[PDB]
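**Q** Pasting input.tsv here (TSV, N, CA and C atoms and all ligand atoms):
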chain	number	residue	atom	x	y	z
A	42	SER	N	10.97	-8.72	22.59
A	42	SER	CA	11.57	-8.14	21.39
A	42	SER	C	12.46	-9.17	20.69
A	43	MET	N	12.21	-9.39	19.39
A	43	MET	CA	12.95	-10.39	18.64
A	43	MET	C	13.07	-9.96	17.19
A	44	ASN	N	14.31	-9.91	16.69
A	44	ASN	CA	14.55	-9.88	15.25
A	44	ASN	C	14.30	-11.26	14.65
A	45	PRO	N	13.88	-11.33	13.39
A	45	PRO	CA	13.73	-12.63	12.73
A	45	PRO	C	15.08	-13.18	12.29
A	46	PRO	N	15.12	-14.43	11.83
A	46	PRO	CA	16.30	-14.92	11.11
A	46	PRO	C	16.54	-14.07	9.87
A	47	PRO	N	17.79	-13.71	9.57
A	47	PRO	CA	18.07	-12.90	8.38
A	47	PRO	C	17.87	-13.70	7.11
A	48	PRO	N	17.76	-13.05	5.95
A	48	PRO	CA	17.66	-13.81	4.70
A	48	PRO	C	18.86	-14.73	4.50
A	49	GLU	N	18.62	-15.86	3.86
A	49	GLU	CA	19.70	-16.80	3.58
A	49	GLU	C	20.69	-16.19	2.58
A	50	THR	N	21.97	-16.54	2.75
A	50	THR	CA	23.01	-16.19	1.79
A	50	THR	C	23.66	-17.41	1.13
A	51	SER	N	23.35	-18.62	1.58
A	51	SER	CA	23.83	-19.81	0.91
A	51	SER	C	22.66	-20.77	0.72
A	52	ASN	N	22.75	-21.56	-0.32
A	52	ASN	CA	21.72	-22.54	-0.61
A	52	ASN	C	22.23	-23.51	-1.68
A	53	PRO	N	22.76	-24.66	-1.27
A	53	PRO	CA	23.39	-25.55	-2.26
A	53	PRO	C	22.44	-26.06	-3.33
A	54	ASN	N	21.15	-26.24	-3.02
A	54	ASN	CA	20.20	-26.72	-4.01
A	54	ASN	C	19.71	-25.62	-4.95
A	55	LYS	N	20.25	-24.42	-4.84
A	55	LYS	CA	19.86	-23.39	-5.80
A	55	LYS	C	20.79	-23.43	-7.02
A	56	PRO	N	20.27	-23.30	-8.24
A	56	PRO	CA	21.16	-23.22	-9.41
A	56	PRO	C	21.85	-21.87	-9.44
A	57	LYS	N	23.16	-21.88	-9.68
A	57	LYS	CA	23.97	-20.68	-9.59
A	57	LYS	C	24.70	-20.45	-10.90
A	58	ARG	N	24.99	-19.19	-11.21
A	58	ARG	CA	25.77	-18.84	-12.39
A	58	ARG	C	26.69	-17.67	-12.09
A	59	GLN	N	27.90	-17.70	-12.66
A	59	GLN	CA	28.84	-16.59	-12.58
A	59	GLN	C	28.76	-15.83	-13.91
A	60	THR	N	27.90	-14.82	-13.94
A	60	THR	CA	27.52	-14.08	-15.13
A	60	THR	C	28.33	-12.78	-15.21
A	61	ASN	N	28.61	-12.33	-16.44
A	61	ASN	CA	29.34	-11.07	-16.61
A	61	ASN	C	28.62	-9.92	-15.92
A	62	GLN	N	27.29	-9.89	-16.03
A	62	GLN	CA	26.50	-8.85	-15.39
A	62	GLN	C	26.54	-8.99	-13.87
A	63	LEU	N	26.58	-10.23	-13.37
A	63	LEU	CA	26.59	-10.42	-11.92
A	63	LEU	C	27.93	-10.03	-11.32
A	64	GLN	N	29.04	-10.31	-12.02
A	64	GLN	CA	30.32	-9.81	-11.54
A	64	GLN	C	30.32	-8.28	-11.51
A	65	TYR	N	29.79	-7.66	-12.56
A	65	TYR	CA	29.66	-6.20	-12.58
A	65	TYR	C	28.85	-5.71	-11.39
A	66	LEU	N	27.71	-6.34	-11.13
A	66	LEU	CA	26.86	-5.90	-10.02
A	66	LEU	C	27.61	-5.93	-8.70
A	67	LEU	N	28.54	-6.87	-8.52
A	67	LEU	CA	29.30	-6.88	-7.28
A	67	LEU	C	30.47	-5.91	-7.35
A	68	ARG	N	31.32	-6.05	-8.37
A	68	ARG	CA	32.54	-5.24	-8.45
A	68	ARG	C	32.23	-3.75	-8.52
A	69	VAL	N	31.20	-3.36	-9.26
A	69	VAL	CA	30.96	-1.96	-9.62
A	69	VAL	C	29.76	-1.37	-8.88
A	70	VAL	N	28.59	-1.98	-9.05
A	70	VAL	CA	27.36	-1.36	-8.55
A	70	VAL	C	27.30	-1.43	-7.03
A	71	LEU	N	27.37	-2.64	-6.47
A	71	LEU	CA	27.26	-2.74	-5.02
A	71	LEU	C	28.41	-2.03	-4.32
A	72	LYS	N	29.63	-2.18	-4.82
A	72	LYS	CA	30.78	-1.62	-4.13
A	72	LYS	C	30.84	-0.11	-4.27
A	73	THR	N	30.24	0.45	-5.32
A	73	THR	CA	30.12	1.90	-5.43
A	73	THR	C	29.07	2.44	-4.46
A	74	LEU	N	27.87	1.84	-4.46
A	74	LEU	CA	26.85	2.24	-3.50
A	74	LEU	C	27.36	2.09	-2.07
A	75	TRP	N	28.13	1.03	-1.82
A	75	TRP	CA	28.57	0.71	-0.46
A	75	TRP	C	29.39	1.84	0.14
A	76	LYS	N	30.12	2.60	-0.69
A	76	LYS	CA	31.00	3.67	-0.24
A	76	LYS	C	30.30	5.01	-0.10
A	77	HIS	N	29.04	5.11	-0.50
A	77	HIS	CA	28.31	6.37	-0.44
A	77	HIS	C	28.09	6.78	1.02
A	78	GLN	N	28.05	8.10	1.27
A	78	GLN	CA	27.90	8.59	2.63
A	78	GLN	C	26.54	8.23	3.23
A	79	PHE	N	25.57	7.85	2.40
A	79	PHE	CA	24.24	7.47	2.86
A	79	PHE	C	24.01	5.97	2.88
A	80	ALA	N	25.05	5.17	2.61
A	80	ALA	CA	24.90	3.72	2.49
A	80	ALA	C	24.83	2.99	3.83
A	81	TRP	N	25.31	3.60	4.91
A	81	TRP	CA	25.49	2.81	6.13
A	81	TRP	C	24.20	2.22	6.70
A	82	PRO	N	23.04	2.88	6.66
A	82	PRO	CA	21.83	2.25	7.22
A	82	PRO	C	21.39	1.01	6.47
A	83	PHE	N	21.88	0.81	5.25
A	83	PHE	CA	21.46	-0.30	4.41
A	83	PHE	C	22.51	-1.40	4.34
A	84	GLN	N	23.57	-1.33	5.16
A	84	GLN	CA	24.68	-2.27	5.02
A	84	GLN	C	24.50	-3.56	5.81
A	85	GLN	N	23.37	-3.73	6.48
A	85	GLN	CA	23.08	-4.92	7.26
A	85	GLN	C	21.57	-5.02	7.45
A	86	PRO	N	21.06	-6.19	7.82
A	86	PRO	CA	19.63	-6.31	8.12
A	86	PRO	C	19.22	-5.34	9.22
A	87	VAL	N	17.98	-4.85	9.13
A	87	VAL	CA	17.47	-3.96	10.17
A	87	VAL	C	17.44	-4.70	11.49
A	88	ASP	N	18.11	-4.14	12.50
A	88	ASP	CA	18.05	-4.64	13.87
A	88	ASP	C	16.93	-3.86	14.56
A	89	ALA	N	15.72	-4.42	14.51
A	89	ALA	CA	14.57	-3.70	15.05
A	89	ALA	C	14.69	-3.54	16.56
A	90	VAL	N	15.46	-4.41	17.21
A	90	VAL	CA	15.70	-4.29	18.65
A	90	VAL	C	16.61	-3.10	18.95
A	91	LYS	N	17.80	-3.08	18.33
A	91	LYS	CA	18.74	-1.98	18.56
A	91	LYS	C	18.10	-0.64	18.23
A	92	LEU	N	17.50	-0.54	17.05
A	92	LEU	CA	16.89	0.70	16.58
A	92	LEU	C	15.60	1.03	17.30
A	93	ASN	N	15.15	0.18	18.21
A	93	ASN	CA	13.85	0.32	18.86
A	93	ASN	C	12.76	0.68	17.84
A	94	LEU	N	12.62	-0.21	16.86
A	94	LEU	CA	11.55	-0.16	15.86
A	94	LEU	C	10.76	-1.45	15.97
A	95	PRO	N	10.10	-1.69	17.10
A	95	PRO	CA	9.50	-3.01	17.34
A	95	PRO	C	8.44	-3.39	16.33
A	96	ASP	N	7.87	-2.43	15.61
A	96	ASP	CA	6.87	-2.75	14.60
A	96	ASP	C	7.45	-2.95	13.22
A	97	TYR	N	8.78	-2.90	13.06
A	97	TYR	CA	9.36	-3.00	11.73
A	97	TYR	C	9.00	-4.33	11.07
A	98	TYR	N	9.29	-5.44	11.75
A	98	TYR	CA	9.01	-6.74	11.17
A	98	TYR	C	7.56	-7.16	11.35
A	99	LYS	N	6.73	-6.32	11.98
A	99	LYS	CA	5.29	-6.50	11.87
A	99	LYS	C	4.80	-6.05	10.50
A	100	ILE	N	5.52	-5.11	9.89
A	100	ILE	CA	5.13	-4.49	8.64
A	100	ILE	C	5.93	-5.03	7.47
A	101	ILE	N	7.23	-5.22	7.64
A	101	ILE	CA	8.11	-5.66	6.56
A	101	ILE	C	8.27	-7.18	6.66
A	102	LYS	N	7.70	-7.90	5.69
A	102	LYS	CA	7.69	-9.35	5.69
A	102	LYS	C	8.69	-9.97	4.72
A	103	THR	N	9.26	-9.19	3.79
A	103	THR	CA	10.35	-9.65	2.92
A	103	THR	C	11.54	-8.70	3.07
A	104	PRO	N	12.23	-8.76	4.21
A	104	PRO	CA	13.35	-7.84	4.44
A	104	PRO	C	14.48	-8.06	3.45
A	105	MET	N	15.23	-6.99	3.17
A	105	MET	CA	16.41	-7.11	2.32
A	105	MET	C	17.35	-5.97	2.66
A	106	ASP	N	18.64	-6.20	2.43
A	106	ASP	CA	19.66	-5.20	2.73
A	106	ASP	C	20.88	-5.47	1.87
A	107	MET	N	21.74	-4.44	1.77
A	107	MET	CA	22.91	-4.52	0.90
A	107	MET	C	23.98	-5.45	1.45
A	108	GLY	N	24.01	-5.69	2.76
A	108	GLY	CA	24.93	-6.69	3.28
A	108	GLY	C	24.53	-8.10	2.89
A	109	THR	N	23.23	-8.39	2.93
A	109	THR	CA	22.74	-9.67	2.44
A	109	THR	C	23.04	-9.83	0.95
A	110	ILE	N	22.82	-8.78	0.16
A	110	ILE	CA	23.09	-8.84	-1.28
A	110	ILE	C	24.57	-9.02	-1.55
A	111	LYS	N	25.43	-8.36	-0.76
A	111	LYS	CA	26.87	-8.53	-0.96
A	111	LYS	C	27.29	-9.97	-0.69
A	112	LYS	N	26.79	-10.58	0.39
A	112	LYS	CA	27.08	-11.98	0.66
A	112	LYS	C	26.54	-12.88	-0.44
A	113	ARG	N	25.32	-12.60	-0.91
A	113	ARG	CA	24.74	-13.42	-1.96
A	113	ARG	C	25.58	-13.37	-3.22
A	114	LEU	N	26.09	-12.18	-3.55
A	114	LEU	CA	26.97	-12.03	-4.72
A	114	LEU	C	28.30	-12.75	-4.51
A	115	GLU	N	28.94	-12.55	-3.35
A	115	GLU	CA	30.25	-13.12	-3.10
A	115	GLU	C	30.23	-14.63	-2.93
A	116	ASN	N	29.07	-15.21	-2.61
A	116	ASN	CA	28.93	-16.65	-2.54
A	116	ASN	C	28.26	-17.22	-3.78
A	117	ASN	N	28.15	-16.43	-4.85
A	117	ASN	CA	27.56	-16.86	-6.11
A	117	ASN	C	26.20	-17.52	-5.88
A	118	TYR	N	25.27	-16.71	-5.37
A	118	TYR	CA	23.95	-17.20	-5.00
A	118	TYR	C	22.92	-17.02	-6.10
A	119	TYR	N	23.16	-16.11	-7.05
A	119	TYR	CA	22.18	-15.76	-8.07
A	119	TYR	C	22.40	-16.54	-9.36
A	120	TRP	N	21.31	-16.75	-10.10
A	120	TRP	CA	21.36	-17.29	-11.45
A	120	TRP	C	21.55	-16.19	-12.49
A	121	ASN	N	20.97	-15.01	-12.28
A	121	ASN	CA	21.11	-13.94	-13.26
A	121	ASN	C	20.99	-12.58	-12.58
A	122	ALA	N	21.32	-11.54	-13.34
A	122	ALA	CA	21.36	-10.20	-12.79
A	122	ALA	C	19.99	-9.72	-12.33
A	123	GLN	N	18.92	-10.12	-13.02
A	123	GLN	CA	17.59	-9.64	-12.64
A	123	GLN	C	17.20	-10.10	-11.23
A	124	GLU	N	17.68	-11.27	-10.81
A	124	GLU	CA	17.42	-11.71	-9.44
A	124	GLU	C	18.09	-10.78	-8.43
A	125	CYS	N	19.32	-10.36	-8.72
A	125	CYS	CA	20.04	-9.46	-7.83
A	125	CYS	C	19.44	-8.06	-7.84
A	126	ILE	N	19.03	-7.58	-9.02
A	126	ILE	CA	18.38	-6.27	-9.12
A	126	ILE	C	17.08	-6.26	-8.32
A	127	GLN	N	16.37	-7.39	-8.29
A	127	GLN	CA	15.11	-7.45	-7.58
A	127	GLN	C	15.32	-7.39	-6.07
A	128	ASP	N	16.43	-7.92	-5.57
A	128	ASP	CA	16.74	-7.76	-4.15
A	128	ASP	C	17.00	-6.30	-3.81
A	129	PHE	N	17.69	-5.56	-4.68
A	129	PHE	CA	17.85	-4.12	-4.47
A	129	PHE	C	16.49	-3.44	-4.40
A	130	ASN	N	15.63	-3.74	-5.38
A	130	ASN	CA	14.32	-3.11	-5.42
A	130	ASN	C	13.49	-3.43	-4.17
A	131	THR	N	13.59	-4.66	-3.65
A	131	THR	CA	12.91	-5.00	-2.40
A	131	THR	C	13.42	-4.14	-1.24
A	132	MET	N	14.75	-4.01	-1.14
A	132	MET	CA	15.35	-3.19	-0.10
A	132	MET	C	14.84	-1.75	-0.15
A	133	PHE	N	14.84	-1.14	-1.33
A	133	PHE	CA	14.36	0.24	-1.44
A	133	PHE	C	12.88	0.33	-1.13
A	134	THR	N	12.10	-0.61	-1.67
A	134	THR	CA	10.65	-0.60	-1.48
A	134	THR	C	10.27	-0.76	0.00
A	135	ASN	N	10.98	-1.63	0.71
A	135	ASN	CA	10.71	-1.81	2.14
A	135	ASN	C	10.85	-0.49	2.88
A	136	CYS	N	11.93	0.25	2.60
A	136	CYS	CA	12.18	1.51	3.27
A	136	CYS	C	11.07	2.52	2.98
A	137	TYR	N	10.61	2.57	1.72
A	137	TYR	CA	9.52	3.46	1.36
A	137	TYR	C	8.19	3.00	1.95
A	138	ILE	N	8.03	1.69	2.19
A	138	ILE	CA	6.80	1.22	2.82
A	138	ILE	C	6.78	1.61	4.30
A	139	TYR	N	7.82	1.23	5.04
A	139	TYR	CA	7.81	1.46	6.49
A	139	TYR	C	7.86	2.94	6.83
A	140	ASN	N	8.47	3.76	5.98
A	140	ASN	CA	8.72	5.16	6.28
A	140	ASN	C	7.87	6.06	5.39
A	141	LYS	N	7.97	7.37	5.62
A	141	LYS	CA	7.21	8.40	4.91
A	141	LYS	C	8.14	9.35	4.15
A	142	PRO	N	7.65	9.94	3.06
A	142	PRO	CA	8.42	10.97	2.35
A	142	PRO	C	8.81	12.10	3.29
A	143	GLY	N	10.07	12.52	3.19
A	143	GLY	CA	10.62	13.54	4.05
A	143	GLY	C	11.48	13.02	5.18
A	144	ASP	N	11.29	11.77	5.59
A	144	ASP	CA	12.12	11.19	6.63
A	144	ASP	C	13.57	11.17	6.17
A	145	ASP	N	14.50	11.41	7.10
A	145	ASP	CA	15.91	11.35	6.76
A	145	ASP	C	16.26	10.02	6.07
A	146	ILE	N	15.76	8.89	6.60
A	146	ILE	CA	16.08	7.60	5.98
A	146	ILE	C	15.56	7.54	4.53
A	147	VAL	N	14.45	8.22	4.24
A	147	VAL	CA	13.89	8.14	2.90
A	147	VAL	C	14.67	9.02	1.93
A	148	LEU	N	15.21	10.15	2.40
A	148	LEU	CA	16.12	10.94	1.57
A	148	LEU	C	17.35	10.12	1.20
A	149	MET	N	17.84	9.31	2.15
A	149	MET	CA	19.01	8.46	1.90
A	149	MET	C	18.70	7.39	0.85
A	150	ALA	N	17.56	6.71	0.99
A	150	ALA	CA	17.19	5.70	0.00
A	150	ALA	C	16.99	6.32	-1.38
A	151	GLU	N	16.34	7.49	-1.45
A	151	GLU	CA	16.08	8.11	-2.75
A	151	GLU	C	17.39	8.42	-3.46
A	152	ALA	N	18.37	8.94	-2.73
A	152	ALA	CA	19.68	9.19	-3.32
A	152	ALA	C	20.34	7.89	-3.77
A	153	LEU	N	20.36	6.88	-2.90
A	153	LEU	CA	20.96	5.60	-3.26
A	153	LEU	C	20.26	4.97	-4.46
A	154	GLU	N	18.93	5.06	-4.50
A	154	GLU	CA	18.19	4.45	-5.59
A	154	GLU	C	18.47	5.14	-6.93
A	155	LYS	N	18.69	6.45	-6.93
A	155	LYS	CA	18.98	7.12	-8.20
A	155	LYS	C	20.37	6.77	-8.70
A	156	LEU	N	21.36	6.73	-7.81
A	156	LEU	CA	22.67	6.21	-8.18
A	156	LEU	C	22.58	4.78	-8.68
A	157	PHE	N	21.83	3.93	-7.97
A	157	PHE	CA	21.67	2.53	-8.38
A	157	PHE	C	21.10	2.42	-9.78
A	158	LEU	N	20.10	3.25	-10.10
A	158	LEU	CA	19.53	3.23	-11.44
A	158	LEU	C	20.52	3.76	-12.48
A	159	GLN	N	21.32	4.76	-12.12
A	159	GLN	CA	22.37	5.21	-13.02
A	159	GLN	C	23.31	4.06	-13.36
A	160	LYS	N	23.74	3.31	-12.34
A	160	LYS	CA	24.77	2.32	-12.59
A	160	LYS	C	24.25	1.12	-13.37
A	161	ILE	N	22.97	0.76	-13.22
A	161	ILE	CA	22.47	-0.42	-13.92
A	161	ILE	C	21.82	-0.08	-15.26
A	162	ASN	N	21.67	1.21	-15.58
A	162	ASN	CA	21.14	1.57	-16.89
A	162	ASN	C	21.90	0.85	-17.99
A	163	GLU	N	23.21	0.76	-17.85
A	163	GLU	CA	24.08	0.06	-18.79
A	163	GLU	C	24.80	-1.07	-18.06
A	164	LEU	N	24.45	-2.31	-18.40
A	164	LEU	CA	25.16	-3.48	-17.91
A	164	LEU	C	26.02	-4.07	-19.03
A	165	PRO	N	27.13	-4.72	-18.71
A	165	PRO	CA	27.89	-5.40	-19.77
A	165	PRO	C	27.02	-6.45	-20.44
A	166	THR	N	27.06	-6.46	-21.77
A	166	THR	CA	26.20	-7.35	-22.55
A	166	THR	C	26.53	-8.81	-22.26
A	167	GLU	N	25.48	-9.62	-22.13
A	167	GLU	CA	25.65	-11.06	-21.95
A	167	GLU	C	26.55	-11.63	-23.03
A	168	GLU	N	27.84	-11.76	-22.74
A	168	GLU	CA	28.79	-12.29	-23.71
A	168	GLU	C	28.52	-13.78	-23.94
B	1	LIG	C1	16.88	1.10	5.79
B	1	LIG	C2	16.28	0.28	6.94
B	1	LIG	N1	15.74	1.24	7.88
B	1	LIG	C3	14.31	1.71	8.07
B	1	LIG	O1	13.36	1.32	7.47
B	1	LIG	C4	14.31	2.79	9.22
B	1	LIG	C5	13.24	3.66	9.94
B	1	LIG	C6	13.69	4.64	11.05
B	1	LIG	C7	15.16	4.76	11.46
B	1	LIG	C8	16.18	3.86	10.73
B	1	LIG	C9	17.72	3.83	11.02
B	1	LIG	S1	18.52	4.91	12.18
B	1	LIG	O2	17.85	5.08	13.47
B	1	LIG	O3	19.86	4.39	12.43
B	1	LIG	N2	18.62	6.37	11.30
B	1	LIG	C10	19.48	6.36	10.02
B	1	LIG	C11	19.73	7.75	9.41
B	1	LIG	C12	18.54	8.55	9.18
B	1	LIG	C13	17.59	8.52	10.30
B	1	LIG	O4	18.15	9.34	11.34
B	1	LIG	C14	17.34	7.10	10.86
B	1	LIG	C15	18.67	2.91	10.22
B	1	LIG	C16	18.13	1.98	9.13
B	1	LIG	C17	16.60	2.02	8.87
B	1	LIG	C18	15.70	2.94	9.65
Spell out the structure here as C-alpha cells.
Ligand SMILES: CCN1C(=O)c2cccc3c(S(=O)(=O)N4CCC[C@H](O)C4)ccc1c23

**A**
Amino acid sequence: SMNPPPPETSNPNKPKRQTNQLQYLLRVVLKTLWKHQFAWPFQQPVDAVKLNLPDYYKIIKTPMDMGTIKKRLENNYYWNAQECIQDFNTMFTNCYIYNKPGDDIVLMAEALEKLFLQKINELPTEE
C-alpha cells in the first residue's frame, strides 16, 4: 500500500502573479469553503492507505485537494485565477469520478461545488 507524492506547491521556474482575483480566491472563496461543515474530507490529499481505498490512485491520476490549493495560493503559485479555478474543478471531478451519486462524500462535494460556483460567479474585475 502506497500513496503517491502529493501535488507540488512550490516551483521557482513557474511564472507567478499576485492578481486581485487570486487574492480574492484565497481570502474569500477558499477560506469560506474551508469553514463549511462538509469541507473536512477535501482539506488534504486523499490518504488511500488510511481510508483503505487502495484503488483510489489506480483510478484518480490527477489528484487535487483544497489543502494543496491553499498552499498554492499562499505561496503565490498561480499566474491567474483560471488556473486556480481549474484545480477546484479537478478536485470536484475526481470525487464524482471515483464515487457514485448518492454517496455521502458526493453529497458533500455537490454542496461545496454549488457554494464554490456562487462565490466565483462574481470576481473582482482585473484592475
Ligand atoms: C474527497 C476525496 N475522497 C473520495 O473520493 C472518497 C471515497 C470514499 C470515502 C472518503 C472519505 S471518508 O472515509 O473519510 N468519508 C467522508 C464523509 C463521507 C463518507 O462517510 C466518506 C474522505 C475523503 C474522500 C472519500

**Q** Could you please extract the residues within 10 Å of ligand LIG 1 (chain B), counting only C-alpha atoms and all ligand atoms, and hand them back as a short mmCIF file (atom, residue, chain, number, x, y, z; two decimals) with N, CA and C atoms, in the frame of the given file?

**A**
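So out-v5.cif came out as:
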data_model
loop_
_atom_site.label_atom_id
_atom_site.label_comp_id
_atom_site.auth_asym_id
_atom_site.auth_seq_id
_atom_site.Cartn_x
_atom_site.Cartn_y
_atom_site.Cartn_z
N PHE A 79 25.57 7.85 2.40
CA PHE A 79 24.24 7.47 2.86
C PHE A 79 24.01 5.97 2.88
N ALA A 80 25.05 5.17 2.61
CA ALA A 80 24.90 3.72 2.49
C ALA A 80 24.83 2.99 3.83
N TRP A 81 25.31 3.60 4.91
CA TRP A 81 25.49 2.81 6.13
C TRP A 81 24.20 2.22 6.70
N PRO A 82 23.04 2.88 6.66
CA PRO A 82 21.83 2.25 7.22
C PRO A 82 21.39 1.01 6.47
N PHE A 83 21.88 0.81 5.25
CA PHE A 83 21.46 -0.30 4.41
C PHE A 83 22.51 -1.40 4.34
N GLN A 84 23.57 -1.33 5.16
CA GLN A 84 24.68 -2.27 5.02
C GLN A 84 24.50 -3.56 5.81
N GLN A 85 23.37 -3.73 6.48
CA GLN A 85 23.08 -4.92 7.26
C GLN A 85 21.57 -5.02 7.45
N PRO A 86 21.06 -6.19 7.82
CA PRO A 86 19.63 -6.31 8.12
C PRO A 86 19.22 -5.34 9.22
N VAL A 87 17.98 -4.85 9.13
CA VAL A 87 17.47 -3.96 10.17
C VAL A 87 17.44 -4.70 11.49
N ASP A 88 18.11 -4.14 12.50
CA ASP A 88 18.05 -4.64 13.87
C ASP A 88 16.93 -3.86 14.56
N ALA A 89 15.72 -4.42 14.51
CA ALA A 89 14.57 -3.70 15.05
C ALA A 89 14.69 -3.54 16.56
N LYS A 91 17.80 -3.08 18.33
CA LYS A 91 18.74 -1.98 18.56
C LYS A 91 18.10 -0.64 18.23
N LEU A 92 17.50 -0.54 17.05
CA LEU A 92 16.89 0.70 16.58
C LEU A 92 15.60 1.03 17.30
N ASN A 93 15.15 0.18 18.21
CA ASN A 93 13.85 0.32 18.86
C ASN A 93 12.76 0.68 17.84
N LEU A 94 12.62 -0.21 16.86
CA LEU A 94 11.55 -0.16 15.86
C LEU A 94 10.76 -1.45 15.97
N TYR A 97 8.78 -2.90 13.06
CA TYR A 97 9.36 -3.00 11.73
C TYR A 97 9.00 -4.33 11.07
N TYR A 98 9.29 -5.44 11.75
CA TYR A 98 9.01 -6.74 11.17
C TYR A 98 7.56 -7.16 11.35
N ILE A 101 7.23 -5.22 7.64
CA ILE A 101 8.11 -5.66 6.56
C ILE A 101 8.27 -7.18 6.66
N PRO A 104 12.23 -8.76 4.21
CA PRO A 104 13.35 -7.84 4.44
C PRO A 104 14.48 -8.06 3.45
N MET A 105 15.23 -6.99 3.17
CA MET A 105 16.41 -7.11 2.32
C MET A 105 17.35 -5.97 2.66
N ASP A 106 18.64 -6.20 2.43
CA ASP A 106 19.66 -5.20 2.73
C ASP A 106 20.88 -5.47 1.87
N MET A 107 21.74 -4.44 1.77
CA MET A 107 22.91 -4.52 0.90
C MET A 107 23.98 -5.45 1.45
N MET A 132 14.75 -4.01 -1.14
CA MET A 132 15.35 -3.19 -0.10
C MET A 132 14.84 -1.75 -0.15
N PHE A 133 14.84 -1.14 -1.33
CA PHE A 133 14.36 0.24 -1.44
C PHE A 133 12.88 0.33 -1.13
N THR A 134 12.10 -0.61 -1.67
CA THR A 134 10.65 -0.60 -1.48
C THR A 134 10.27 -0.76 0.00
N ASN A 135 10.98 -1.63 0.71
CA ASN A 135 10.71 -1.81 2.14
C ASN A 135 10.85 -0.49 2.88
N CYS A 136 11.93 0.25 2.60
CA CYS A 136 12.18 1.51 3.27
C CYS A 136 11.07 2.52 2.98
N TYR A 137 10.61 2.57 1.72
CA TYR A 137 9.52 3.46 1.36
C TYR A 137 8.19 3.00 1.95
N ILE A 138 8.03 1.69 2.19
CA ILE A 138 6.80 1.22 2.82
C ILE A 138 6.78 1.61 4.30
N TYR A 139 7.82 1.23 5.04
CA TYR A 139 7.81 1.46 6.49
C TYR A 139 7.86 2.94 6.83
N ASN A 140 8.47 3.76 5.98
CA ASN A 140 8.72 5.16 6.28
C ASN A 140 7.87 6.06 5.39
N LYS A 141 7.97 7.37 5.62
CA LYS A 141 7.21 8.40 4.91
C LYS A 141 8.14 9.35 4.15
N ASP A 144 11.29 11.77 5.59
CA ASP A 144 12.12 11.19 6.63
C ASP A 144 13.57 11.17 6.17
N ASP A 145 14.50 11.41 7.10
CA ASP A 145 15.91 11.35 6.76
C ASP A 145 16.26 10.02 6.07
N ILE A 146 15.76 8.89 6.60
CA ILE A 146 16.08 7.60 5.98
C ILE A 146 15.56 7.54 4.53
N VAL A 147 14.45 8.22 4.24
CA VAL A 147 13.89 8.14 2.90
C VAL A 147 14.67 9.02 1.93
N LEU A 148 15.21 10.15 2.40
CA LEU A 148 16.12 10.94 1.57
C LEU A 148 17.35 10.12 1.20
N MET A 149 17.84 9.31 2.15
CA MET A 149 19.01 8.46 1.90
C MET A 149 18.70 7.39 0.85
N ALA A 150 17.56 6.71 0.99
CA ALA A 150 17.19 5.70 0.00
C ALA A 150 16.99 6.32 -1.38
#

**Q** Please determine, counting only N, CA and C atoms, which residue among A:63, A:70, A:90, A:43 has the shortest atom-to-atom distance to residue 119 of chain A.

**A** A:63

**Q** Report the distance between atom C of residue 72 of chain A and atom C of residue 96 of chain A in Å, rounded to one decimal place.

**A**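 Answer for the atom C of residue 72 of chain A to atom C of residue 96 of chain A separation: 29.3 Å.
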
**Q** What's the 10 Å shell around residue 61 of chain A, counting only C-alpha atoms, without same-chain residues fewer than 5 positions away, as a list in words?

**A**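 Non-adjacent residues within range: residues 66, 121, 122, 164, 165, 166, 167 and 168 of chain A.
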
**Q** One number please: atom CA of residue 78 of chain A to atom CA of residue 50 of chain A, in Å, one decimal.

**A** 25.3 Å

**Q** What is the atom N of residue 71 of chain A-atom N of residue 56 of chain A distance in Å, reported with one decimal?

**A** 21.9 Å

**Q** Measuring atom to atom with only C-alpha atoms, identify which of A:68, A:123, A:161, A:55 is nearest to residue 111 of chain A.

**A**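 Smallest distance to residue 111 of chain A is found for A:68.
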
**Q** So that I can see what lies close to residue 52 of chain A, please list as a PyMOL selection string the residues with an atom at most 8 Å from it, counting all atoms listed in the file and leaving out residues fewer than 4 positions away in the same chain.

**A** chain A and resi 56+116-118

**Q** Kindly provide, as AutoDock Vina command-line options, the centre and edge lengths (Å, one decimal) of an axis-aligned box around all atoms of segment 57-64 of chain A given in the file, with 4 Å on each side.

**A**
--center_x 26.7 --center_y -15.1 --center_z -13.1 --size_x 15.2 --size_y 21.6 --size_z 15.0

**Q** So that I can check the secondary structure, give me every residue of segment 119-151 of chain A assigned alpha helix (DSSP H) by backbone DSSP, as a PyMOL selection string.

**A** chain A and resi 122-139+145-151

**Q** N, CA, C and O atoms are needed for segment 124-129 of chain A; please write them out as an mmCIF file, keeping the file's coordinate frame.

**A**
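File part.cif, as written:
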data_model
loop_
_atom_site.group_PDB
_atom_site.id
_atom_site.type_symbol
_atom_site.label_atom_id
_atom_site.label_comp_id
_atom_site.auth_asym_id
_atom_site.auth_seq_id
_atom_site.Cartn_x
_atom_site.Cartn_y
_atom_site.Cartn_z
ATOM 1 N N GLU A 124 17.680 -11.270 -10.810
ATOM 2 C CA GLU A 124 17.420 -11.710 -9.440
ATOM 3 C C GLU A 124 18.090 -10.780 -8.430
ATOM 4 O O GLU A 124 17.508 -10.474 -7.375
ATOM 5 N N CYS A 125 19.320 -10.360 -8.720
ATOM 6 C CA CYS A 125 20.040 -9.460 -7.830
ATOM 7 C C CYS A 125 19.440 -8.060 -7.840
ATOM 8 O O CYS A 125 19.339 -7.404 -6.788
ATOM 9 N N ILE A 126 19.030 -7.580 -9.020
ATOM 10 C CA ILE A 126 18.380 -6.270 -9.120
ATOM 11 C C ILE A 126 17.080 -6.260 -8.320
ATOM 12 O O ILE A 126 16.714 -5.232 -7.724
ATOM 13 N N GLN A 127 16.370 -7.390 -8.290
ATOM 14 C CA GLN A 127 15.110 -7.450 -7.580
ATOM 15 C C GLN A 127 15.320 -7.390 -6.070
ATOM 16 O O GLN A 127 14.488 -6.805 -5.348
ATOM 17 N N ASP A 128 16.430 -7.920 -5.570
ATOM 18 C CA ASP A 128 16.740 -7.760 -4.150
ATOM 19 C C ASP A 128 17.000 -6.300 -3.810
ATOM 20 O O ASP A 128 16.610 -5.830 -2.731
ATOM 21 N N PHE A 129 17.690 -5.560 -4.680
ATOM 22 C CA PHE A 129 17.850 -4.120 -4.470
ATOM 23 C C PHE A 129 16.490 -3.440 -4.400
ATOM 24 O O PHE A 129 16.214 -2.644 -3.497
#
